[PDB]
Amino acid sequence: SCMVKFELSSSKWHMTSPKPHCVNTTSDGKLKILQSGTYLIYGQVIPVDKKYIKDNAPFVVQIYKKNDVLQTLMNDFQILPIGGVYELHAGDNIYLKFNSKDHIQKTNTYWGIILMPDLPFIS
């Protein structure tokens, strides 16, 4: 069992074990994958109320795997769930990128990963 959750409000990771086998984490909210496997990347990014953003800069969130974009998301400054199921390899760095970090409300913004169990049964 291996899961970690980063809370942007505190810049703390919450973890299943003292030292998770599947991942290393840093205080910037980035991760390095230690175990190759299928991961669920998740989170919610809370934008500042658009009422308070007085330019035309879009609200964009990207998730990167090393130097490759895994996904790019944008909405009109509404709560943004992120991630999905991705196959990852030992050594992969995972991290978020924001069009503007000033768009992000720290309160209730979080992200993380969980190492998925195999799903061999089908109904």
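Numbering starts at 1 and follows the sequence shown.
Chemist: Per the entry, where is the mean C-alpha temperature factor higher: 93 to 101 or 36 to 44?
Modeler: Stretch with the greater average CA B-factor: 93 to 101.
Chemist: In the PDB record, does 59 to 67 or 46 to 54 carry the higher mean Cα temperature factor?
Modeler: Looking at the record's C-alpha B-factors, the answer is 46 to 54.
Chemist: Lowest, middle or highest third: where is residue 107 by C-alpha B factor in its chain?
Modeler: Residue 107: CA B-factor falls in the highest third of its chain.
Chemist: Which third of the chain does residue 82 land in by C-alpha B-factor: lowest, middle or highest?
Modeler: Lowest third of the chain for residue 82's C-alpha B-factor.
Chemist: Sorting the chain's modelled residues by C-alpha B-factor, tell me whether residue 8 ends up in the lowest, middle or highest third.
Modeler: As the PDB entry reports it, the C-alpha B-factor of residue 8 lands in the middle third of its chain.
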